[PDB]
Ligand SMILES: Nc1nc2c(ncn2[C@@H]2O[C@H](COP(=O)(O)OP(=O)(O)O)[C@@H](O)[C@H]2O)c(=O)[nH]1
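In structure tokens, the next block holds one chain alone, the form deposited without the ligand.
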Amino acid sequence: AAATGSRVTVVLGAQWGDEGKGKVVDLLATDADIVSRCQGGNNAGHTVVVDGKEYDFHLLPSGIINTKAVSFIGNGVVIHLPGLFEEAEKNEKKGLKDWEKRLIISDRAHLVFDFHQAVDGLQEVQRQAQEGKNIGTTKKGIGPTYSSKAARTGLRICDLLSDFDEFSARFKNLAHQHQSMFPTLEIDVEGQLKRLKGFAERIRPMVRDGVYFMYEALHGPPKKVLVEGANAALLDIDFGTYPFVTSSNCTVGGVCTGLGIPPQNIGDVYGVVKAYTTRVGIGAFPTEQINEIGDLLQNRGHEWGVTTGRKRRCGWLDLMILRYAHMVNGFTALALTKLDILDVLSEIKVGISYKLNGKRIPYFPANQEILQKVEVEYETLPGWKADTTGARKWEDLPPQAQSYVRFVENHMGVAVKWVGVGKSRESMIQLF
């Protein structure tokens, strides 16, 4: 529409993360005017390679590789100043120059202070110990800062940039309260405030009014804006497999709340789905395969922590979660990834429905107890038993692979626009 303005493009994980959505973002960031993030998530990282050089992004948008585009961090993101610059400098020393020239931070973003990471790397203990339920609260202090936001007692970039006395004084009252809720919490206010006053000036030239920055972007001449979704649908604070979830909305709604743009300014929303299901840590897993198949999907897929080495749990594709992810996100197109991992299988199983106590339920269970109780209903399809890593067109994929694809499109109701069969860009076949 001429009144609506430009409609942003989004990329979101459709399962439990690690779907490989960075290859879609990377593919799309090429001709994008603005690349951004709207919610923090797990703060997971993404590796992008350009000219032999390898970059590692966590907080910064992956499209910052494109020096002809603008990278934007939304208000819905919690940021750790040292974390940010430590990440920026690191890449700066890898070839990423002039980044400070194309990065803009929304002044409405909340700050993750050092003591937020402290209490975080403190609760996990008292929360677990001996034999609790180690949800695995990523010690990035994401949750602690999200609570300050809730208590309206937290601080944001705009405050750090305003009068420093009021801020410094507000920083003190916040740290005090924290020390009052956690006595075994050491801080050193003056030292941190001093380091923050340093960050204020260092980050000032990049901060701007996020809401106005976006409104103008999509109401001026036609621009192509890309948004990188945090993790995946089932790791969404509200809709994920709670409590084994992130503190952020990792679904399409978070794009509106994380950027300050109305739903009409949202266009294509791609759901990144892996040809099979993976997941990390404790929690229910309906299609999990603790057997030869799982080991295979784990080996051929290299399904393990990139920093820890922890193996990810593997299972058959699951349409129950896939459709659920869709009800919430309203995908316009999908990116089916790692289909090649299955080139070896003789026949592939895919879950199509859930039966609770003998009955077939049409919804995705919200609680762990129920979710762990569902018995999966399967559909066995024949495999293509052929190498697809070389495919570069729909016509290349063998007849059974094409069927595996239509199967996913049909049962989801969303068309597949990308089929992934490798690690390179060429390996991400575009179907239309």
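Residue numbers run from 1 along the displayed sequence.
Below, we turn to the form solved in complex with the ligand, even though it does not appear here.
- The ligand is not shown here, but in the deposited bound form it comes within 4.5 Å of a heavy atom of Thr47.
- Contact check for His116: no non-hydrogen atom falls within 4.5 Å of the ligand in the deposited bound form.
- Although the partner is absent from this view, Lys423 contacts the ligand in the deposited bound form, with a non-hydrogen atom inside 4.5 angstroms.
- A residue is said to contact a partner when one of its heavy atoms sits within 4.5 Å of a partner heavy atom; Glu288 fails this definition for the ligand in the deposited bound form, lying far away.
- This chain is displayed without the ligand, yet in the deposited bound form the stretch 38 to 46 from 38 to 46, 368 to 376, 393 to 401, 64 to 72 comes within 4.5 Å of it by heavy atoms.
- With the partner omitted here, the residue from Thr145, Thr277, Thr337, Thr251 that has a non-hydrogen atom within 4.5 angstroms of the ligand in the deposited bound form is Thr337.
- For the residues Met320, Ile341, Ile79, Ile348, the 4.5 Å heavy atom test against the ligand in the deposited bound form is passed only by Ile341.
- Contacts of stretch 20 to 45 with the ligand in the deposited bound form, defined by any heavy atom lying within 4.5 Å, are made by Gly20, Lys21, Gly22, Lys23, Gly45, listed in sequence order.
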